[PDB]
Trainee: 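If you scroll down you'll find the structure; I have some questions about it.
By convention in this document, chain letters (A, B, ...) are assigned in the order of the sequence lines, proteins followed by strands, and residues within each chain are numbered from 1. Order of listing sets the numbers, starting from 1, for every ligand and every atom in it. Just so it is clear, the values below take in all heavy atoms, side chains as well, and ignore hydrogens, waters and symmetry mates.
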Amino acid sequence: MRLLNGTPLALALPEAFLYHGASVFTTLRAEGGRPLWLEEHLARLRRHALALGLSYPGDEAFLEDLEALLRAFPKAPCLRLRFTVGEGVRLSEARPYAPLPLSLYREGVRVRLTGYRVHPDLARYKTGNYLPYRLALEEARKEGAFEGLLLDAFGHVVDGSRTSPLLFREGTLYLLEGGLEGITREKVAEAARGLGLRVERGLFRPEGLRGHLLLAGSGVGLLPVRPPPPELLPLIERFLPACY
Amino acid sequence: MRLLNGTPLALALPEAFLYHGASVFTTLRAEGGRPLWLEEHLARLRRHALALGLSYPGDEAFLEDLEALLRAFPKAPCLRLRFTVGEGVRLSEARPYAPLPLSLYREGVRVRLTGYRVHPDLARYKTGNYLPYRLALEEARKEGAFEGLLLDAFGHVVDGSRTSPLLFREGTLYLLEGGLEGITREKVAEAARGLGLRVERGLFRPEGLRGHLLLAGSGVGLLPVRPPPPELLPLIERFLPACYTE
Amino acid sequence: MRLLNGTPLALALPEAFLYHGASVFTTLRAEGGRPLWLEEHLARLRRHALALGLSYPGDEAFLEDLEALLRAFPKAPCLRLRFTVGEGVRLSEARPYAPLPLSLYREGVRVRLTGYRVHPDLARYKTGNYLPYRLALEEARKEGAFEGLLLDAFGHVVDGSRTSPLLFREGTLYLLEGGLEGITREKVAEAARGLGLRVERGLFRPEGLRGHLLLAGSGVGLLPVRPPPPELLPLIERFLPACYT
Amino acid sequence: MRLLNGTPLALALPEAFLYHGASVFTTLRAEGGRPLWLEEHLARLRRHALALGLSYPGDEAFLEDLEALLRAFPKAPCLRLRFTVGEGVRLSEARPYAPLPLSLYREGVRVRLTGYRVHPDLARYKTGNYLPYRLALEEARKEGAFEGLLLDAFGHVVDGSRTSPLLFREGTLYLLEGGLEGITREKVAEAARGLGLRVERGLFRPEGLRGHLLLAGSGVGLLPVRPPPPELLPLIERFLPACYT
Ligand SMILES: *Cc1c(COP(=O)(O)O)cnc(C)c1O
Ligand SMILES: *Cc1c(COP(=O)(O)O)cnc(C)c1O
Ligand SMILES: *Cc1c(COP(=O)(O)O)cnc(C)c1O
Ligand SMILES: *Cc1c(COP(=O)(O)O)cnc(C)c1O
């Protein structure tokens, strides 16, 4: 017997999935009824599932799900999509996307460096064990900061709770190493190279983070921390959600 | 809109609970209708919930649940119970308990040391972020072992996937630090003192594990790794689940 | 008094060089009497010596040793040269180069990912503290592989025991950071860009080694791990040791 | 062919020993001709050699060397000895011990905390890859510190260049983890338990080194950093080298 808030509760989702965070996921934005970088997301999700010993449902199954989801909210310019894989479980959902105010891309947001660490074994996978990231964001919100930053076991700053951090300093856009290989950040790097900007990767500690931070992710595009450097205005423009 | 395996889904539990493993829990054994260390489990569960910013629904609600569960199994020699807290979630469940073979407590089990780590910030809490522990047990079982052991960031051996490791050498019982403070382990410590055994806590590296390993947990009692020494027979007896056919 | 294998011995070398691995070095290939990338090798040896507080004997001294070594092996199609610097020690040596079976450049070799680590302070320098590299190669050879790969303290795969690893995917060549800045790897990178390929540098975890691996160094040129990707065929040709004639 | 400073040098020592720091070693003190803790030193040298794939030649080969060495000091003053093992290499040596000023065992010495790291794999062994230690000691000596301390990859303080650190705080003697398990430090730990003191191992950061630091090593015995705490006076006296009368 199993009770939820006093009331008997039946089956539905497997225990591993519900009780143990035993899943991998990804989140995409759809714009004009077209998901951004669908292939990249499915290729990553498949890699993550396989690395954690989950069967991947196959692209066709997700494409099928997408046929229904894309029409779920006809009055919204954009959608937030989530694709989630667990043993016995393909969970695909959609909700209206609510863009940040444009003024946040012009004026920038704040970040909070937290003391929370990524998992040494899971940090490179987008998994249901998300508490360290949720906790980091909770800490950040406690100061109205937009994003919280996490560390590895060595004290490097390696990730945001839901965005990938970049640092612009000297003449150079740096991608912080050590965390999730974010799709948005790789596209940003690609676009920055495409514009003749200097792009490099590096492992950073908090004391090395001098210059302008930015945050990339499927939920936000490219979001500057504090007022952006002028050199990156066009790069930010290019990744602004098309949702106004 | 949500689809489960292609078919629409009216989701019963909150998003974060399912998607983020955002929960704390505890698992208890009941013997002949009586829950073991109920006070300690509810104390820990509240402590873990408060540490992780999750609303605790109160002892009474859980004790209400408990009566119902116990009523559903009036004949069961033993039960495994589980109490889980998330935001907007009070989950309480019970199912028949089945013991390990009695010989295991005499002849002992195998462990496998794995390369999986606990989370630096959540290791002390019993949370829904339980994947490393799953992976550790999966590795152990692949290798024909009963339990998989996990490391901290520095390579200390700090936990089992669902049991708490102890080391016994000469006349002292060591509790290995850096993992979950298991309730069973603390009880085992308590009983060992009462036996005229000394008890110390420390951080141990694999090579520091000289002596007899044992495993403590709510689901097993106290289980020796390999045959136990007779200095521990008393302790093994005391914690052996009272759950074999009448 | 010092006994070597029971026999009293007056040390020809200073204790630091011998007991403590206190040296920097480089190994070059000479092809038909001409050293490959001599300028690069000597500039790096100087940089490394100075970085570690070792006095550098000057290029002219090694140039003189080089000629002396060349004179000694007038027939050899290729030579393996080692120039080593320690305090009060210039050591220059040569032996005939032993070319790999030519088919390895077509069929590729195997690598073994090992658990050996490079040193946090010395990974960037080519030093006589070389035991972790030898141990990695030992393990690789015990497992039937050609090269062993080493990690950094953080878990990235950052080096091979005597070659620099490269990863090709999609249409970009990645140089693995964290280990020695090899001369051959830099040359391959420059050549790859000239062939129209994108080149990127990053720290990679073992798990992240998706695509084709290759190995670069003065001892091998550019050697593929398993059969190469088509895109890199011209680079394998360009860097092939000219040592089969 | 090898050239040493332009002059042909004859083989003598194998490449791995010579160029790669591929050795394990231990250093002993002898007082009146008998080496302290000879069995422990030899047992450890054997374990270190085996762990690193180096053939250990047997205790008797070193004992034969020892007899040869002792023959050349009939006077039997204190001796500093070193036993070194590489592949095809057994090196044994002895020279007069140089005692520290007696005053240092009551006054204590200074240490310098360096940024040099130990090697992740080799920190637990006493090997020829000794450059980080050398470098740490050189830094210490620039400011008149007796010893330089080294870190691990996390920033823990895990060893001295040639001595093992201990920390005494409340009434507990701590052995700093992460470096070589010194013979002297284990002996000290044993004697400390016999005095009814508690002894624990701990992994320490620089912040956490509050209390009395001490250094243990086959050369120095037990050597305090700053004046020592009274509880430890008997241990300093037990381990003070018998090389002053
Ligand atoms: C999703 C996520 C990101 C951003 O990745 P994208 O693929 O750009 O959406 C960054 N960090 C963490 C921890 C994430 O979960
Ligand atoms: C539950 C659990 C234990 C055992 O704790 P008890 O309170 O004795 O039941 C040990 N390790 C882990 C990881 C656990 O989840
Ligand atoms: C010498 C060496 C290489 C190869 O470098 P090159 O300069 O290309 O010859 C690669 N890795 C290690 C560890 C080396 O010592
Ligand atoms: C030799 C040594 C010590 C001291 O060891 P003993 O066995 O006590 O002589 C401490 N640290 C390092 C790095 C050493 O090499």
Trainee: Apply the side chain to side chain contact (heavy atoms under 4.5 Å, CB included) test between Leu235(B) and each candidate in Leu222(B), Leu166(B), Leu240(B), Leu214(B); give the one that qualifies.
Mentor: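 Filter result, single survivor: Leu222(B).
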
Trainee: Could you go step by step and tell me if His41(C) and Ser218(C) meet the side-chain hydrogen bond (donor to acceptor under 3.5 Å, both in side chains) rule?
Mentor: CA-CA 10 Å; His41(C) 276 284; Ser218(C) 294; 3.1 Å; yes

Trainee: Residues in side chain to side chain contact (heavy atoms under 4.5 Å, CB included) with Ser164(C), at least two apart?
Mentor: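 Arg185(C).
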
Trainee: Can you tell me which residues line ligand 4 if we count any heavy atom under 4.0 angstrom from one of its atoms, in chain and number order?
Mentor: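 If the criterion is a heavy atom under 4.0 Å, then ligand 4 touches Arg44(D), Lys126(D), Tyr130(D), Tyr133(D), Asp159(D), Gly160(D), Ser161(D), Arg162(D), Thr163(D), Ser164(D), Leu180(D), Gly182(D), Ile183(D), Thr184(D), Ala216(D), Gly217(D), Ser218(D).
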
Trainee: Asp152(D): which residues meet the side-chain hydrogen bond (donor to acceptor under 3.5 Å, both in side chains) condition with it, sequence neighbours left out?
Mentor: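 Partners of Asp152(D) under the side-chain hydrogen bond (donor to acceptor under 3.5 Å, both in side chains) test: none.
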
Trainee: With a 3.5 Å cut-off and sequence neighbours excluded, list the donor-acceptor pairs that the side chains of residues 123-140 of chain C form with protein atoms.
Mentor:
from      : atom 1 : to        : atom 2 : distance (Å)
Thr127(C) : OG1    : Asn129(C) : N      : 3.0
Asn129(C) : ND2    : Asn129(D) : O      : 3.4
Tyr130(C) : OH     : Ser161(C) : O      : 2.6
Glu139(C) : OE2    : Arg112(C) : NE     : 2.9
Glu139(C) : OE2    : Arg112(C) : NH2    : 3.2

Trainee: Is it the case that more than 12 heavy atoms not belonging to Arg82(D) sit under 6.0 Å from its CZ atom?
Mentor: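 It does: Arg82(D) CZ has more than 12 such atoms within range.
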
